[PDB]
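Structure first, commentary second.
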Amino acid sequence: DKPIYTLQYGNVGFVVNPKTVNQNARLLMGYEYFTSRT
Amino acid sequence: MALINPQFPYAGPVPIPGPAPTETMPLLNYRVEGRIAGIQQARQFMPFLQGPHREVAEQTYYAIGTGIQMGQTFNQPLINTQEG
């Protein structure tokens, strides 16, 4: 309904605060977005 | 509009016994003076109201105010250094 443009309203980030982290723990991040030359 | 019989005609009416002539004459009935009695009250506690009514109800309004308008911390855009 409102895409994260992060050029017309600052630098938005994505936060995960974990409770337990094991060894070799990673965070995979899939994205979906538009792109043009405006 | 009867037709006269010429063979058997008749004459006018003859006298007959009568109905006692004063007993067909009435008296003239003699009214006394009259009065709508009592002292009338000025008003009556009526069972229905005497004014108009309304068929439909209309919604009424009253104005209210909002409050003291504050400032804000906007998220501000990036600088147009030829990327935008």
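Residue numbering restarts at 1 for every chain of the structure tokens, chains are lettered A, B, ... in their displayed order, and ligands are numbered from 1 as they appear.
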Item to complete: Just need the residues of chain B within 7 Å of chain A, counting only C-alpha atoms, so spit them out as a count of residues only.
Response: 5
